[PDB]
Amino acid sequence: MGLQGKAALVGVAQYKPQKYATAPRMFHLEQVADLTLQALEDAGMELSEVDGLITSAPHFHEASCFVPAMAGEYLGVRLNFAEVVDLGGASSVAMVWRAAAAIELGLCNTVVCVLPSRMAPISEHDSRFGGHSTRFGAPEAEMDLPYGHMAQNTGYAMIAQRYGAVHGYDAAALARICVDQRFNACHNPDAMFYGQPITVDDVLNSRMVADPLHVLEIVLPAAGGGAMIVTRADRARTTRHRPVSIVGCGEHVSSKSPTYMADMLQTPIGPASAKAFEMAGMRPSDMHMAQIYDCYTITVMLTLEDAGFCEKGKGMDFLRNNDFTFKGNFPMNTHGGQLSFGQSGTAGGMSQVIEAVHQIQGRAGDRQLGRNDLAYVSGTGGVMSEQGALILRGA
């Protein structure tokens, strides 16, 4: 049951994360074409082979609706699967397994998952709340906003405060995530913070946003984008690189605000990762790498626990006693993660997937892992809201 591993990632492409002030301006339709063709060239396939497309539903600059039709028309493809997702940072992992499902279902042969994240040029004839809805009837508009609750920082901070009171807290242990991932980024010329190492005290000395989260434990919004090609296992054999099979997946959404979680310390990556490991017939100890969605340090540590890599409540202990660099025993976000490689909006989650593909394909350069067969990848949207997991295995 579940995915049988007959779909594989064969081509990737992504813009270098760059600050909004200086990043190139590109229409979202233009980005869709540019990123798809780049990823197709990386795979060694041409345009007419694409019979499936997945992208993000909200905030597509040129279309408030009919996004698949307009994007596919601009691209020039004939789609048997016209898909959009609306899961925030979890979107990237959500598109990957949907592409595999459609290919294993026989609907498609080759699916492109693409997320534009650069802003479009401005015309003379043409966000405070951080994504919270102000619409009449939206519960959070009347229950969150009047009290200052909004966006993501303070929500994740209240999760961190709950964890500290229940299981203990070590500010320096969480800072280990920033230091090791920055080390990884310091060996990635494409990373935003390439050549910019940090220390533990650097993180603690950075400004407090909301107790106990510091600015350096939080991603810096940036522009970018990315796309990935998924195709059938047989066609994958004649592509350019090692196929990266999609052998397990999981998805879970049980709340929007963390306030209505059954337990803010039981995050949805638990159920999602248990389904993905089960589907792949594998266990956390089988993985050679973990590309973990890292908008906040606390999200990484909670993913470490709930995905089964360490015991619930010993996350700080796991962070103190392990080396998370590409030279370490538990390589993690070996591209730098969104924290240090840069967060390209909703495409930031795709950096995790692409790095897993790079590592498995033997294309990671100075950061290449010795064991590069098996990868766990997570995606997280909102504040512990939307979650997905992937198990990937090289051919």
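Don't overthink the numbering: it's just position in the shown sequence, from 1.
Undergrad: What is the count, as a class, of unmodelled deposited residues between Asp126 and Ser127: none, 1 to 3, 4 to 9, or 10 or more?
TA: Count of unmodelled residues in between: 4 to 9.
Undergrad: If you average the CA temperature factors as listed in the entry, which stretch comes out higher, 81-89 or 200-208?
TA: Per the PDB entry, the higher value belongs to 200-208.
Undergrad: Got a sec? Mean C-alpha B-factor, which is higher, 178-186 or 67-75?
TA: The stretch with the larger mean CA B-factor is 178-186.
Undergrad: By the entry's C-alpha temperature factors, tell me which of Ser351, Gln359, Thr55, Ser48 sits highest.
TA: Of the candidates given, the C-alpha B-factor peaks at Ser48.
Undergrad: With respect to the C-alpha temperature factors reported in the PDB entry, which of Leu213, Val112, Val253, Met287 ranks highest?
TA: Among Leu213, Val112, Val253, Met287, the PDB entry lists the largest C-alpha B-factor for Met287.
Undergrad: Would you mind ranking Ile391 by its C-alpha B-factor against the rest of the chain and naming the third, lowest, middle or highest?
TA: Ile391: CA B-factor falls in the lowest third of its chain.
Undergrad: Can you tell me whether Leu369 has a C-alpha B-factor in the lowest, middle or highest third compared with the other modelled residues of the same chain?
TA: Ranked within chain, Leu369 CA B lands in the highest tercile.
Undergrad: Pull the Cα B-factor of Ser385 out of the PDB entry and bin it into the chain's lowest, middle or highest third.
TA: Lowest third of the chain for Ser385's C-alpha B-factor.
Undergrad: Check where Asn333 lands among this chain's C-alpha B-factors and tell me if it's the lowest, middle or highest third.
TA: CA B-factor rank for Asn333: middle third.
Undergrad: Divide the modelled residues of the chain into thirds by Cα B-factor and specify which third, lowest, middle or highest, holds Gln18.
TA: Middle third by C-alpha B-factor.
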